[PDB]
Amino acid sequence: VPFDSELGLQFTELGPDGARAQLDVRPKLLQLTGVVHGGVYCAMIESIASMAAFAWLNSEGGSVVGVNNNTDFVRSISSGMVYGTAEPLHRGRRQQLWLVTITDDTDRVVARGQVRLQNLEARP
């Protein structure tokens, strides 16, 4: 996934019930006060949820497209690894809703978000 490469996002788990991925906080990922740019977490949340959603749909099949990403920012950090896990809230014919929670290396939540996706049909 191109943008994931820029983030340094690396997946550790991926399947129909969820996904997990991680990245190292680096200086290029910060904002002006030297803490993580919120966009990084929004992006992490989007990636992890979308990959889980695709895995589930294809476990008739098809593709997925994001329609809403709603992220709450909890705690400001400046370095170390962050870790996200996606868990399912709704998985149906038309849409899916996934929760992604990002923690730091002290198991404190730094961000948490929900991603709503549309399922798109495949050619039969």
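From 1 onward, residues are counted along the sequence shown.
Using what the record says, work out whether there is a hole in the model between residue 59 and residue 60 and how many deposited residues it spans (none, 1 to 3, 4 to 9, 10 or more). In the deposited sequence, 1 to 3 residues between these two have no coordinates.
Can you tell me which stretch has the higher mean Cα B-factor, 23-31 or 66-74? For C-alpha atoms only, the mean B-factor is higher in 23-31.
38-46 or 75-83, whichever carries the higher mean Cα B-factor: That would be 75-83.
CA B-factor ranking of residue 10, expressed as a third of its chain: Tercile = highest for this residue's CA B-factor.
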